[PDB]
Amino acid sequence: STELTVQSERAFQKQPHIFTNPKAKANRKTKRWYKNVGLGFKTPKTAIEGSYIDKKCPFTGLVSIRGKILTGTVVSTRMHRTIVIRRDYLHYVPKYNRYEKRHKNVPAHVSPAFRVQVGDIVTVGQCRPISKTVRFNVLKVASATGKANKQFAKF
Amino acid sequence: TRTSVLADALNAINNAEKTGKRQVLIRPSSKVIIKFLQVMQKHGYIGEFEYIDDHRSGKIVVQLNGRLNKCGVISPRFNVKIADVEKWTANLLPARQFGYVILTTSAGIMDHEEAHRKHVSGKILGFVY
Amino acid sequence: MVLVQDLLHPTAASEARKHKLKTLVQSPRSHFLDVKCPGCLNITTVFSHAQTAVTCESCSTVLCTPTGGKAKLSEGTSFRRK
Amino acid sequence: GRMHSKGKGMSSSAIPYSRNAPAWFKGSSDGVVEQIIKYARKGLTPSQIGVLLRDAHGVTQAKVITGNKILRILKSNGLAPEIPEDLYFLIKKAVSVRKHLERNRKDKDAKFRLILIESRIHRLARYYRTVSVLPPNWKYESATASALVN
Amino acid sequence: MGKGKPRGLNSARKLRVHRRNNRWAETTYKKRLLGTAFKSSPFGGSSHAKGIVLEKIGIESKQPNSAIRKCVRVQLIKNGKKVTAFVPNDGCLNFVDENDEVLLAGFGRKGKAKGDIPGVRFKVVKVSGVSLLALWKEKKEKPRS
RNA sequence: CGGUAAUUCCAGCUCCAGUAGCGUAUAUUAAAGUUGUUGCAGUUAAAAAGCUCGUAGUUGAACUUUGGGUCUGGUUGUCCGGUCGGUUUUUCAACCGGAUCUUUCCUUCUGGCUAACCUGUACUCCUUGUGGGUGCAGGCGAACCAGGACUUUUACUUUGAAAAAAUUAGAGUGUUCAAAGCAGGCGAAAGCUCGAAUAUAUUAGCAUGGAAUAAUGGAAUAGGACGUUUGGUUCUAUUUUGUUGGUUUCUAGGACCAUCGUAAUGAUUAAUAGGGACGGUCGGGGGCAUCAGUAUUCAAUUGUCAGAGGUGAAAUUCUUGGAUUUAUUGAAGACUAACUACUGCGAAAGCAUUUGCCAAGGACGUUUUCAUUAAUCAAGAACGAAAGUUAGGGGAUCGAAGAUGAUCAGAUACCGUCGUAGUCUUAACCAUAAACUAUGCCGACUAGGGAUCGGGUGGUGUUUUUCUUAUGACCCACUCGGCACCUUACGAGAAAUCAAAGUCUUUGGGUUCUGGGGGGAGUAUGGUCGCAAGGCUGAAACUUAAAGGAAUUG
RNA sequence: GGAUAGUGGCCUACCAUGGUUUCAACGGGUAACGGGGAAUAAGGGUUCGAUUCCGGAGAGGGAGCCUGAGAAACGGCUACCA
Ligand SMILES: [Mg+2]
Ligand SMILES: [Mg+2]
Ligand SMILES: [Mg+2]
Ligand SMILES: [Mg+2]
Ligand SMILES: [Mg+2]
Ligand SMILES: [Mg+2]
Ligand SMILES: [Mg+2]
Ligand SMILES: [Mg+2]
Ligand SMILES: [Mg+2]
Ligand SMILES: [Mg+2]
Ligand SMILES: [Mg+2]
Ligand SMILES: [Mg+2]
Ligand SMILES: [Mg+2]
Ligand SMILES: [Mg+2]
Ligand SMILES: [Mg+2]
Ligand SMILES: [Mg+2]
Ligand SMILES: [Mg+2]
Ligand SMILES: [Mg+2]
Ligand SMILES: [Mg+2]
Ligand SMILES: [Mg+2]
Ligand SMILES: [Mg+2]
Ligand SMILES: [Mg+2]
Ligand SMILES: [Mg+2]
Ligand SMILES: [Mg+2]
Ligand SMILES: [Mg+2]
Ligand SMILES: [Mg+2]
Ligand SMILES: [Mg+2]
Ligand SMILES: [Zn+2]
């Protein structure tokens with residue numbers, strides 16, 4: 001979400017230490033470097049076919065996914081390239097021997113490879129500290145459509 | 001609403017057995033009910049029981065034996081961690097000696113003695129003593 | 001009705017007596033009465049609890065005035081059972 | 001025991017033993033299906049239809065004879081309305097009380113009821129939205145509800 | 001009956017918030033949670049209090065019984081508050097004397113009046129560093145004046 | 001407890017308890033099921049919001065793979081000790097697995113190792129043999145990898161890995177005993193030698209099995225599933241063409257629209273759940289509109305000459321220039337009797353003269369339709385008696401205030417007489433009542449009796465009688481819905497009592513709320529709401545041994 | 001970009017309007033250092049944990065820094081307050 005412009009800051013952003021040789025004359029021009037992420041996660045072609053740079057993407061960046069591979073649905077999407085994943089869970093309380101439905105929203109960076117909307121479930125890997133709160137990175141929008149192509153009643 | 005059918009059924013049983021009716025009717029009638037009853041049959045708290053098919057929902061006729069005392073149900077199906085069985089059965093049944101705690105589990109719906117042999121616990125449903 | 005009733009096989013008196021809902025099996029006690037109007041020689045399968053001013057197949061004869069329970073069959077009319 | 005009042009009835013249709021047909025009551029699956037889709041173009045609702053099918057003609061249930069229910073027939077021919085049948089009948093009644101209140105400023109027990117019917121609708125809508133019949137972020141009420149009717 | 005309280009396997013919070021907010025009618029728990037002991041209760045929520053005998057009072061008791069009780073108004077040292085302490089045993093306010101440091105104790109009742117002494121919640125123990133019982137019985141002797 | 005025999009004060013002797021300790025004070029845990037998850041109460045003892053709606057919450061009907069065989073591993077009791085108090089099988093057992101076969105896949109392949117013989121290539125080392133194996137082209141893959149492809153996801157539970165030590169429990173051991181400690185033990189007593197465990201800690205994460213339970217999900221515009229599809233479309237792209245830069249192939253892997261087929265092509269119920277449609281009904285339900293009775297009042301005209309009102313026993317108080325009484329009206333704004341009940345409807349509050357209109361509603365019936373929409377609910381709302389309040393209209397009588405006449409030691413109190421505010425209404429508010437069934441809502445199930453009513457069935461029943469009638473109205477039996485009694489309680493309950501206040505120490509169907517000795521106090525404060533009155537919300541300090549409830553006898 | 005050993009709203013510029021919340025955000029209180037544990041002791045629990053171990057803080061306050069691998073040290077220093 002934003003989006004599209006590729007090169008549109010005061011600066012002009014390249015994938016650092018990666019080159020698009022002017023002497024050489026390939027069809028792509030831009031050598032789109034990309035990362036195989038591991039942990040059984042497939043590299044989505046929207047990253048490798050696409051345009052955007054992003055430092056903070058796992059695929060098109062130096063961001064290395066590790067550690068806790070959390071999940072949960074997506075509540076908030078409004079900000080630039082990040083998401084807020086709502087990781088619901090229970091909390092056991094022995095003096096009762098029952099459960100609290102607890103909440104914690106997890107802010108998590110989006111590589112624009114994926115299309116993320118509200119009410120979508122999403123696996124998401126811990127990585128470097130991206131930002132203040134965002135220590136996490138969208139890796140797999142599981143509800144890619146979630147009845148998006150199909151509403152639609154009248155035969 | 002009619003919530004725990006199992007309970008709502010076992011309640012009728014417990015009322016029937018209290019007065020000494022030789023049978024009872026049980027409206028809703030589930031798997032759990034029938035696997036719960038089946039258990040009572042395997043130990044012998046319960047006679048025949050005859051699952052009517054309303055071309056529909058369920059319905060059961062139990063034959064009581066004059067052997068049930070209480071046909072318990074514990075209500076929020078508490079998860080039980082194998083050792084904690086001992087604390088349930090201790091607190092629900094009269095005596096280490098005899099009684100059963102009907103618990104659903106991985107294995108299906110056992111009683112608490114069968115579940116100890118198997119070494120497999122889970123949630124509780126009810127009990128009988 | 002006290003202690004031992006053997007509840008799978010009621011006497012049909014009870015089944016007929018008890019609510020059409022409150023038996024061993026919910027079986028309705030309505031029928032599709034095959035009414036013949038005085039006009040045309042053709043038989044309409046009139047459900048006994050119609051809820052509607054039931055006309056014939058085409059001609060506007062008016063067969064059954066829908067009352068609360070079973071419908072009063074309009075005027076001197078004749079019918080078969082089910 | 002009813003949604004809104006404290007009256008606990010079982011005014012009910014029973015449904016007979018046979019999922020199968022009552023054979024002798026004849027016609028056909030296709031003939032009845034064609035019978036239905038005339039009434040779907042005449043504007044009549046599944047609930048009205050099935051009365052007409054049952055009362056005059058030899059149908060017991062469309063479920064029985066066709067296999068499909070009725071709304072499910074109508075949908076298959078594209079004749080089910082945008083706003084569902086049941087909801088529509090409440091949205092009508094809502095309007096028929098919102099209209100009566102606009103005239104009668106002082107009339108409390110109708111205001112009471114209007115608060116019920118409104119709530120009944122938002123029960124049903126909130127149901128239907130979650131099914132994915134009506135599109136979500138769409139509230140079914142009062143000002144625009146008069147337009148949703150007609 | 002459902003028996004009032006909720007019973008869900010996921011209730012918990014509506015138990016644990018309920019039991020926070022009923023406890024508050026348990027007078028044991030309220031004093032502990034609101035520091036009445038510290039903020040009030042002349043002694044600072046403390047076993048005892050040294051306090052200077054401001055005057056030897058005779059307090060006429062409540063009914064059934066009838067006796068003037070021989071007490072001492074004190075000025076608690078630390079707080080500067082003034083209280084009224086009972087002086088146990090035959091006379092023995094004689095042994096207390098006037099303008100002495102007097103160590104006090106609760107009477108027993110966790111505040112409140114011990115029996116018939118209306119508005120006295122304390123017993124003298126040590127008068128200027130002895131012990132009234134040691135004086136009264138005369139096993140020990142007072143350190144002169 | 002203590003007023004001259006005080007078993008409680010104070011002293012001697014006895015004596016009790018504990019004992020090198022025991023008392024006292026404050027905490028605190030237990031006792032306290034007096035904080036209650038297990039596990040409390042709420043008709044009256046404290047406690048059910050006046051009522052309904054209602055978001056979060058919490059909870060939520062039933063339904064999808066069951067059963068039978070066939071072998072095969074254990075593990076203790078048995079059958080003798082077959083044995084030098086211990087051990088190894090069988091005659092037997094239950095119990096826990098494992099493999100399978102049953103319309104059945106356990107995730108599937110691209111390849112590595114195909115262990116094995118399903119084999120049969122030479123057929124025989126050889127008791128007359130299907131006892132036995134040197135042995136390799138087709139080839140059973142589970143005997144393991146090592147890489148794809150893509151996993152419905154959870155909760156739940158398993159054993160596992162981890163949860164520092166001391167602590168905690170606990171094994172070993174002569175610190176003399178222990179409390180402990182990690183020591184110790186045995187020789188020729190020239191050297192040797194056991195130990196320093198195990199368990200727990202369950203919250204979260206990680207591991208793996210299990211698939212009941214509970215949720216979640218998939219094909220209903222099939223854009224669905226597969227593949228001998230046959231076209232294609234976009235690829236991507238390594239491997240050889242000497243090696244670089246191409247272009248197009250053959251091809252093997254993506255991905256994407258076509259079209260040809262394959263299969264049983266794909267929706268569970270239709271909850272004595274709910275909603276919604278229809279039907280006839282029912283109602284003192286509500287709004288708005290009219291009609292009455294008839295009533296009281298004043299006034300009119302009318303008539304009749306001493307009192308009429310009032311009285312609680314008794315008085316005061318009023319007119320006579322007929323008040324009152326008698327009769328015709330008029331106005332006004334009221335109410336809306338008798339019927340009227342252990343009757344109706346309404347969420348309650350509340351609602352009875354009439355018709356009319358306005359929408360709503362319960363029950364009912366229903367082989368109608370949707371298919372989880374449902375129950376209860378902190379926030380928020382809607383209504384909400386009377387009084388009060390602003391602002392209007394009216395004011396008959398009663399009638400908070402007041403005057404005033406008696407009585408009594410007195411009495412601004414009854415009674416007495418009058419009588420503003422109101423009462424009544426309309427437009428605003430207020431938002432509480434013994435708004436009380438002092439009984440939260442839903443849910444189920446237990447006992448009969450007879451009735452009672454609003455629905456519905458059957459009676460060649462009876463009578464109506466206009467000839468058969470057919471409605472109506474009963475009788476009688478049973479039924480869904482409503483409102484209450486009788487007896488025993490074997491069930492509850494402290495009991496009164498209660499068929500719910502039962503199905504509760506044999507403690508668990510779901511949910512909301514409230515209470516934790518009495519007072520202080522529904523106060524102080526602070527919010528917040530109100531025109532205000534006041535509401536909602538809501539303290540402690542201090543105080544006190546009882547406050548109650550129910551019943552028993554007096 | 002700047003800084004840092006390094007990640008980062010850690011800092012700066014320019015841009016966007018997010019972020020948390022009745023599953024109690026924020027605020028207040030704490031006679032609160034956290035945990036191991038302690039007492040109590042059927043089960044469930046309650047209360048306590050300044051205190052022999054493990055973390056974290058502090059060296060009258062609050063700052064700032066030298067040296068040094070390691071200090072925002074205080075049995076180092078600079079200052080201001082007390
Ligand atoms: Mg019902
Ligand atoms: Mg409701
Ligand atoms: Mg006195
Ligand atoms: Mg306690
Ligand atoms: Mg209590
Ligand atoms: Mg009470
Ligand atoms: Mg279920
Ligand atoms: Mg020990
Ligand atoms: Mg008058
Ligand atoms: Mg009536
Ligand atoms: Mg009347
Ligand atoms: Mg509220
Ligand atoms: Mg009023
Ligand atoms: Mg007066
Ligand atoms: Mg009240
Ligand atoms: Mg009340
Ligand atoms: Mg109190
Ligand atoms: Mg940077
Ligand atoms: Mg502190
Ligand atoms: Mg602490
Ligand atoms: Mg500590
Ligand atoms: Mg301290
Ligand atoms: Mg330390
Ligand atoms: Mg100091
Ligand atoms: Mg410093
Ligand atoms: Mg130091
Ligand atoms: Mg120092
Ligand atoms: Zn015709």
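Neighbour counts run over all protein chains shown; Cβ positions are idealised from the backbone, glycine included. All of the numbers you see were taken from the coordinates with simple rules; none came from a lab.
Odds and ends about this structure:
- Choice from A:60, A:145, A:71 with maximal GNM fluctuation in chain A (Cα, 10 Å cutoff): A:145
- Sparse packing (at most 13 other Cβ atoms within 10 Å of the Cβ) combined with a DSSP loop state is found for the following chymotrypsin sites (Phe, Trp or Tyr not before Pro) in the stretch D:73-150: D:138.
- The stretch E:1-143: translational diffusion in µm²/s, Stokes-Einstein, Kirkwood Rh over Cα pairs, 4 °C, 1.567 mPa s: 73 µm²/s
- Between the alpha-carbon centres of the stretch B:23-58 and the stretch A:21-50 there is a gap of 64 Å.
- Values of log10 I(q)/I(0), in the order q = 0.14 Å⁻¹, for the stretch C:2-82 under a Debye, Cα-only, solvent-free model: -0.58
- Along its first, second and third principal axes, ordered by size, the stretch E:1-51 spans 58, 20, 14 Å in Cα coordinates.
- Cα lying deepest toward the dipole's positive end in the stretch D:81-150, options D:147, D:97, D:84, charges on Cβ: D:97
- FRET efficiency, 1/(1 + (r/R0)^6) with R0 41 Å, evaluated for residue C:70 and residue B:3 via beta carbons: 0.60
- Over 21 Å [Cα-Cα, the stretch B:1-68], rounded percent: 15 percent
- Sequence-separation-based contact order of chain C, relative, with Cα cut under 8 Å and 6+ spacing, percent: 24 percent
- Based on Cα atoms of chain B, Rg over Rh with Rh as the Kirkwood radius reads 0.96.
- Convex hull of Cα atoms in the stretch D:26-80, direction-averaged projection (nm²): 3.1 nm²
- This model, with +1 at the C-beta of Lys and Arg and -1 at the C-beta of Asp and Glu, gives the stretch B:1-68 a dipole about its Cα centre of some 120 debye.
- Two-site FRET efficiency, residue D:146 against residue C:51, from Cβ-Cβ distance with R₀ of 25 Å, rounded to 0.05: 0.25
- Cα-derived Rg to Rh of the stretch D:81-150, Kirkwood definition: 0.99
- Dipole magnitude of the stretch B:32-129, debye to nearest 20 (Cβ charges: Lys/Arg +1, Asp/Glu -1, about Cα centre): 260 debye
- For chain D, calculated [θ]222 nm from helices alone, where every DSSP H run of n ≥ 4 adds -39500 (n - 2.57): -16500 deg cm²/dmol
- With the helix formula -39500 (n - 2.57) applied to DSSP H stretches of n ≥ 4, chain B reaches a computed 222 nm mean residue ellipticity of -9500 deg cm²/dmol.
- Degrees between helix D:46-55 axis and first principal axis of chain D (Cα, 0 to 90, nearest 10): 40 degrees
- Note on residue D:47 and residue A:93: their simple-model spin labels are 4.3 nm apart, each label 7 Å out from Cα toward Cβ.
- Taking the Cα centre of the protein assembly as shown as reference, the dipole from Cβ charges on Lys and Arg (+1) and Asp and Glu (-1) amounts to some 2360 debye.
- Cross-linked pairs B:21/D:8; B:42/E:5; A:68/B:123; D:42/D:75; C:22/D:6; C:22/D:42: Cα-Cα separations exceed 27 Å for B:21/D:8; B:42/E:5; A:68/B:123; C:22/D:42.
- Most fluctuating residue given options D:131, D:59, D:33, as computed from a GNM of chain D linking Cα atoms under 10 Å: D:131
- Virtual paramagnetic centre 7 Å along Cα→Cβ of residue C:40, amide N under 15 Å, in the stretch D:29-72: D:56-58
- Cβ-Cβ distance of residue E:47 and residue A:104, R₀ of 56 Å, FRET efficiency by 1/(1 + (r/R0)^6): the value works out to about 0.75.
- Amide H to amide H, with H built 1.01 Å from N, residue A:138 comes under 5 Å of A:109, A:110, A:111, counting only residues 5 or more places away or on other chains.
- Distance from the stretch C:27-82 to the stretch E:105-145 (C-alpha centre basis), Å: 105 Å
- Separation of the residue A:64 and residue E:77 label points, Cα + 7 Å toward Cβ, nm: 6.7 nm
- Contact order, relative form, for chain A: 20 percent (alpha carbon pairs under 8 Å, 6 or more residues apart, mean separation divided by residue count).
- Springs between Cα atoms under 10 Å define the GNM used for chain A, and in it the highest mean-square fluctuation of A:81, A:98, A:128 occurs at A:98.
- Rounded tilt (10° steps) of D:108-131 against the dominant C-alpha axis of chain D: 50 degrees
- Note: relative contact order over the stretch B:1-68, using C-alpha pairs below 8 Å and six or more positions apart, is 34 percent.
- Site pair residue A:80 and residue D:89 shows an inter-label distance of 5.5 nm when each label is modelled 7 Å from Cα along Cα→Cβ.
- Taking every alpha-carbon pair in the protein assembly as shown and binning the separations at 20 Å intervals from zero gives 11, 23, 29, 22, 11, 3, 0 percent.
- For chain A, calculated [θ]222 nm from helices alone, where every DSSP H run of n ≥ 4 adds -39500 (n - 2.57): -500 deg cm²/dmol
- Other-chain or far-sequence residues with amide H under 5 Å of residue C:34's (modelled H): C:46, C:80, C:81, C:82
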